[PDB]
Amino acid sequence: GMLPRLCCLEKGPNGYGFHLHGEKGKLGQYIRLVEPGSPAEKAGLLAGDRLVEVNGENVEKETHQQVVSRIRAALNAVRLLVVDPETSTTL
């Protein structure tokens, strides 16, 4: 598996500046819409990142709502372990 990567975000006055987005039924939570100039951008989060841990807790087997709660629970910073999306494919 692709080496996961740690991103350490510091919460700003409007939060972190990303969307957390899941799928229909197929399990995973993904980062989308990393806002320009945001704490998420500065921490190196990328659209399409799959979220594996929040503050050291594996969240691969938690619901969307639970993962949101884990991120919001953190008072002013959050550590996100992600797996980055593929960038090379042979056709």
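Each residue number is its position in the shown sequence, starting from 1. Note that the rigid core is defined as the largest set of C-alphas that superpose within 1.5 Å between two forms.
Taking the rigid core as the alignment reference, the C-alpha atoms of 27 to 35 lie farther on average from the displayed form in 8 other deposited structures of this protein than those of the other stretch among 27 to 35 and 50 to 58. Between 18 to 26 and 74 to 82, the larger root mean square Cα shift in 8 other deposited structures of this protein, once each structure is superposed on the rigid core, falls on 18 to 26.
The mean C-alpha temperature factor is higher for 20 to 28 when 67 to 75 and 20 to 28 are set side by side. Just going by the entry, 78 to 86 versus 8 to 16 on mean CA temperature factor gives the higher value to 8 to 16. Based on the entry's C-alpha B-factors, the most elevated value among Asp49, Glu62, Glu41, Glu53 belongs to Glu62.
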